[PDB]
């Protein structure tokens, strides 16, 4: 369905229209200079080679261990419990191949990030979606989902802060999941891509802070959003040492490691001064504030996200009959603002659209003006 709104947008650009594109999570801004300089400097050294070791260069797995200790007081063995990925999409897709085949089911929330589905369907797995929405007991539905699939699902894939809803959970959420996943012996994957994209002084919890999460869980983190990595993919997975090893084995038949100069560049991102991450977080918080306040002054009472790069907006009553896909087309044609239709994230999302905070503030104000002129011209 995102193909549909990608086409309409591109048609609008080719018509010459000035479209505020708030429909993708591609960071707009530049990569921090220390990171780019390392990459370039290391690539230019005659002794450098692109290929590296199966699990990542030891110094980088060390940096990831340190990142866990410092942020979460969590122990990750760099030798056995950490592995460098070529971004989390690669990482996940490969964990699924290693772990899933025809005859297996994974559980995903609805609405959620569709990448987690594709990988599993590509690996041969079936997907069972679990409602994650206001006024439904998630833990009842998750436990139903486990009990009422035969055979039980091998795995459940969660991601907080959430894409697309911006939902944040505290540590007692993770305790429940973990105790539940151990009870039925279902593996937990957790996607921590938005851990640094956090507003109002809040911190994102890792699942690896629960005692014995390592016995049942793995956790993916990507550098894309925290460090504005554009046209570069790198991250890691940690936790259960057998799952880390199964990802290592599958990867050795696919790649020669992550591009070495990018791995060295990741060391410079993860180590040392993290002001560039706080600035990126801050830049999103203020874009959030212009968007949310502006939509509200126009009479669209959108909810204020506590994290992620997304405002997950409930379709106003007077347009609710249209559906998300139809509404998002209207926003594009009438307001000259590209959004993602909520239905693209699962059927429980059809009453919403998602905005990504990827244009600057003036542009955002221009998006708000376009939406407000639409309301006015529709008689609202």
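Residue numbers count along the first chain shown, from 1.
Visitor: Read off the CA B-factors in the entry, average them over 80 to 88 and over 132 to 140, and name the higher stretch.
Guide: Higher mean C-alpha B-factor: 132 to 140.
Visitor: I need to verify one thing: averaged over C-alpha atoms only, is the B-factor higher for 17 to 25 or for 357 to 365?
Guide: Taking the mean B-factor of the alpha carbons in each, 17 to 25 is higher.
Visitor: From 94, 190, 278, 225, which pick has the Cα B-factor that tops the rest in the entry?
Guide: The listed residue with the largest C-alpha B-factor is 278.
Visitor: Highest CA temperature factor in the entry: which of 184, 300, 194, 220?
Guide: Comparing C-alpha B-factors across 184, 300, 194, 220, the top value belongs to 184.
Visitor: For residue 314, does the deposited CA B-factor place it in the lowest, middle or highest third of the chain?
Guide: It belongs to the lowest third of the chain when residues are ordered by C-alpha B-factor.
Visitor: In terms of the chain's CA B-factor thirds, is residue 324 lowest, middle or highest?
Guide: According to the entry, residue 324 has a C-alpha B-factor in the chain's lowest third.
Visitor: Determine, from the deposited record, the chain-internal third of the Cα B-factor for residue 352: lowest, middle or highest.
Guide: Bottom third by C-alpha B-factor.
Visitor: With respect to C-alpha B-factor, does residue 259 fall in the lowest, middle or highest third of the chain as deposited?
Guide: Answer is middle: the recorded C-alpha B-factor places it there.
Visitor: Ranking the modelled residues of this chain by C-alpha B-factor as given in the entry, is residue 201 in the lowest, middle or highest third?
Guide: It belongs to the highest third of the chain when residues are ordered by C-alpha B-factor.
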